[PDB]
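Note that these values count all heavy atoms, side chains included, but never hydrogens, waters or copies made by symmetry. All chains are named by letter (A, B, ...) in the order of the sequence lines, taking the proteins before the strands, and each is independently numbered beginning at 1.
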Amino acid sequence: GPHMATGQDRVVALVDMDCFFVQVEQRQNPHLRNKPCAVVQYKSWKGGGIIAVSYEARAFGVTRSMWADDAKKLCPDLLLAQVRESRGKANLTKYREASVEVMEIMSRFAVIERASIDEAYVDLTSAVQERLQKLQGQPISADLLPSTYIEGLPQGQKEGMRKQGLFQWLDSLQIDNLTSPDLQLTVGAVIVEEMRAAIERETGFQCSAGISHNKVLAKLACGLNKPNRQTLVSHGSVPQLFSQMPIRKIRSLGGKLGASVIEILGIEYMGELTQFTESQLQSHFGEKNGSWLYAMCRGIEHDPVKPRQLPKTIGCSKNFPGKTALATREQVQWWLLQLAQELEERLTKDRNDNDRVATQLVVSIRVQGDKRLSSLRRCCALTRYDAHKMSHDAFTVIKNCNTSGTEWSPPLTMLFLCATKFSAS
DNA sequence: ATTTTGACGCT
Ligand SMILES: Nc1ncnc2c1ncn2[C@H]1C[C@H](O)[C@@H](COP(=O)(O)NP(=O)(O)OP(=O)(O)O)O1
Ligand SMILES: [Mg+2]
Ligand SMILES: [Mg+2]
């Protein structure tokens, strides 16, 4: 009763860009706007691999991971934009720079945690408290929430339903109680509307957002009404929402651990987890996972929004599939150099922009035949931003993987260089 | 022969 926490202490949002790389290319090239279109990497093999897909193209069944040649069979008028290639490899600079544009706008509203190239969590608890004091007991108008859905409502056309639900929600709010979690979430949603409007005004990019009491629910909420909408998931919405929510839809449960929860417990939906004790869950999934599941299935999570706007590592990777695997010393050294040159460029820019220097270089390879993604992953000192030195050091750290009696055996199917362990500069 | 990343957990 009175002593059981309900995980309603924070307001957390997750903002995620809609079909991000596609919007970057559509801003650049107006001919692609409002069209079925996709972003691809490479072009020779089956037209290139798709990494982002506009919503118009998704209506035809185009998805990420599809070869463009196959996507064209589903959507003959599909337009394509190709990722830049530099030094023989895909170069994602344009998208990293566009991400910085968006993150810098979001950071004006609150401290953000960069969760990926196109999404960030926001802890709005303080901003909501400030806005609630500003409002001075004033009711919140539906006009302040023009793109907000309230999950679970209405109860008891698309835009018509959205407005019905929002009206039910606002009608039910206790505006004069500044500690009401539902009121706090609603003010959070007002702020997120302002943030999303700022992003669109200042970059041209549209996005979706989730507003809830924690990161997992905010992330889940964000996807419920993509694109170009935001969704509020209240604590009270959790039992119904989770009662038919596949376990795999919750962040971190989309892989092996989620599969094991389903198999071991004989359940399908997140809400079914409430029928196990914390000790039972810890017994099957470990102390950490068990406690996390016990709270999460009740809508409770405590993972903080970490104050981190910049990536913690800077890496460069290339696969060499099938017959393109690297089989000569000259090939291996040339490609290590290419990767190191891109890495040097990004590191030098990072040092100038962000007042830090990486101190460790991680080298990873895969050998043809090896079932593992990586055959070797070894570190060495990163003491100077110099591509020839980094490539020589990477070769030094991997040369013993070569069985060859000038020849490289087994052929290499992947090279990877990653700068880590940043210090202030 | 989707690829190119990037955060975090385990031992
Ligand atoms: N498997 C992959 N490999 C490479 N790049 C990828 C990728 N998945 C995504 N990206 C890149 C390309 C993506 O544009 C970007 C963000 O990924 P999302 O947020 O998961 N998907 P999007 O924003 O496109 O659509 P929406 O969120 O509206 O559903 O990351
Ligand atoms: Mg996105
Ligand atoms: Mg995303």
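At least one side-chain nitrogen or oxygen of A:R346 sits closer than 4.0 Å to the OP1 or OP2 atom of B:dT5. Between A:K89 and B:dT5 there is a side-chain N or O to OP1 or OP2 distance below 4.0 Å. OP1 or OP2 of B:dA1 has not a single side-chain nitrogen or oxygen of A:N319 nearer than 4.0 Å. Within the 4.0 Å cut-off from OP1 or OP2 of B:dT5, at least one side-chain nitrogen or oxygen of A:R96 is found. Distances shorter than 4.0 Å separate none of the side-chain N or O atoms of A:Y95 from OP1 or OP2 on B:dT5.
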Might you list the N or O atoms of the protein lying below 3.5 Å from N or O atoms in nucleotides 7-11 of chain B, with each pair's distance?
residue: B:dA7; atom: OP1; partner: A:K312; partner atom: N; Å: 2.4
residue: B:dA7; atom: OP2; partner: A:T313; partner atom: OG1; Å: 2.6
residue: B:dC8; atom: OP1; partner: A:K306; partner atom: NZ; Å: 2.7
residue: B:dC8; atom: OP2; partner: A:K312; partner atom: NZ; Å: 2.6

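Surrounding OH of A:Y42 are more than 12 heavy atoms belonging to other residues, nucleotides or ligands, all under 6.0 Å away. In A:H388, the NE2 atom is not crowded: 12 or fewer heavy atoms of neighbouring residues, nucleotides or ligands sit closer than 6.0 Å.
Atom CD1 of A:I117 is separated from atom P of B:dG6 by 8 Å (rounded to the nearest Å). Taking atom CG of A:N91 as the reference point, atom P of B:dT3 lies 18 Å away to the nearest angstrom. Rounded to whole Å, the distance from CG on A:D70 to P on B:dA1 is 16 Å. In this entry the distance linking CD of A:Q41 with P of B:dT5 reads 8 Å, nearest Å. Atoms CZ (A:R87) and P (B:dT4) sit 15 Å apart, rounded to a whole Å. With rounding to whole Å, A:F20 atom CZ is found 16 Å from B:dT5 atom P. Atom CG in A:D118 sits about 15 Å away from atom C1' in B:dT4, given to the nearest Å. B:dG6 atom P lies 16 Å from atom NZ of A:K421, rounded to whole Å.
Atom NE2 of A:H235 sits about 11.0 Å away from atom CG of A:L185, to the nearest 0.5 Å. Atom CD1 in A:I398 sits 11.0 Å away from atom CZ in A:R378 (nearest 0.5 Å).
As judged by a 4.0 angstrom heavy-atom cut-off over every strand, A:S116 is placed among residues making no nucleic acid contact. A:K318 comes within 4.0 angstrom of sugar-phosphate atoms only, judged by non-hydrogen atoms across all strands, and of no base. Heavy atoms of A:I314 sit under 4.0 angstrom from primed sugar atoms or phosphate atoms, though from no base atom. In this structure, A:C316 reaches the sugar-phosphate backbone alone: every heavy-atom distance under 4.0 Å involves primed, P, OP1 or OP2 atoms, never a base. Within 4.0 Å of A:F416, counting heavy atoms only, lies no atom of the nucleic acid at all.
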Could you walk me through whether A:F205 and A:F20 pass the ring-ring contact (aromatic ring centres under 6.0 Å, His included) check? CA-CA 8 Å; A:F205 302 145; A:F20 185 49; 5.8 Å; yes

Would you sort out whether A:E151 and A:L220 count as a side-chain contact (heavy atoms from CB on, under 4.5 Å), showing the intermediate values? CA-CA 11 Å; A:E151 176 59 26; A:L220 184 68; over 6 Å; no

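Considering only residues two or more places apart in sequence or on other chains, A:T324 meets the side chain to side chain donor-acceptor pair (under 3.5 Å) condition with none of them. Remark: A:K349 pairs with A:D353 by the salt bridge (charged side-chain N to carboxylate O under 4.0 Å, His left out) rule, at least two apart or across chains.
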